[PDB]
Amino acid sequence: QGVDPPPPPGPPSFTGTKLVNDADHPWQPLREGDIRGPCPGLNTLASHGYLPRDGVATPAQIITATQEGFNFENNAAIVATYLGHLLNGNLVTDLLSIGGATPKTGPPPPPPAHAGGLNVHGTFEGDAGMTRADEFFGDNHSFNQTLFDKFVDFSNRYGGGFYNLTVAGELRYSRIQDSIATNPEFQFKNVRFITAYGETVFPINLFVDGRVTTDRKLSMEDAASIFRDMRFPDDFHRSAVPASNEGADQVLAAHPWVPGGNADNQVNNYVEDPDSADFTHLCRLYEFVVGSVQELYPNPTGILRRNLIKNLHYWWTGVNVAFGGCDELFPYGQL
């Protein structure tokens, strides 16, 4: 009949480096029914058993796994997790697929809500990723070797054969240009505009071994291991401090860019969207997503309403800090 969802975990008691690829968290191959998706972080945590190996988890499990496995900073974890859960999870069973649809999330919600997982395109998952292709081309979730070859090429050209912040700036812009030129449905606004800059520094801040204190750069071997194989590097130690999107501002500054998309189902036709969230208007992202949730859940009652109210509040607790203060919205009132 349903779960009563607990508030998110706080930061871990211990926030230093440690071995995370350890005997208790072995890489294992996929079994029948195991779900993986567009996030290499969550994929790796699932494939090492930091998350349930089937790739379906509670918000609380995701937050603790990202903290334990990578030292993802607590508020960043809260912002990402409840965004994903509100839009793509089952609020009654409190389960989120890190990939596509699965009976493992339990009885479906009332449409147009779907609990279809992180693979669902258009409000969270979006275009111009590093190792995943745009949904327009037919597969937004699988590793794409051609795109990884470009990652390697840009690492050779700008990072001495490694991925570093200079490479991130160049690759992000070039990937936007690829999508402008080839994807007539290309969108780069609202949630995606914000998440696309953070995702380009996560490999530097979180995939580079935490024992490396200076000149942080990711080898192509380690990159392939995580992005393709969902496997921690041998002897991997997590970041020595909680971390998330440090340096994302510099990635944007290297090639200033404005939220928008290709208009009128045509390539090379990018039009700015002045109403979109951007990095000096972050609260628009909060308002936009609350609106999206109302479209998914036009008139909830009972346990569904209760769990929506709670999850919206949990998300706001992270957003309020991460975005430097946003007025909380109450689309369904209070408990």
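Just count from 1 along the sequence shown to find any residue number.
Looking at mean Cα B-factors across 40 to 48 and 293 to 301, the upper value is held by 293 to 301.
Stretches 75 to 83 and 208 to 216 differ in mean C-alpha B factor, with the higher average recorded for 208 to 216. By the numbers in the PDB entry, the CA B factor is greatest at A253 among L95, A253, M230, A243.
Within the group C283, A65, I309, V56, the record's highest C-alpha temperature factor is found at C283. Sort the chain's modelled residues by C-alpha temperature factor and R238 lands in the lowest third, per the entry. For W257, the recorded CA temperature factor ranks within the highest third of the chain's modelled residues. Among the modelled residues of its chain, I180 has a C-alpha B-factor that falls in the highest third, as given in the PDB entry.
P9: CA B factor lies in the middle third for its chain, per the PDB record. Ranked within its chain, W316 lands in the middle third, by CA B factor from the PDB record.
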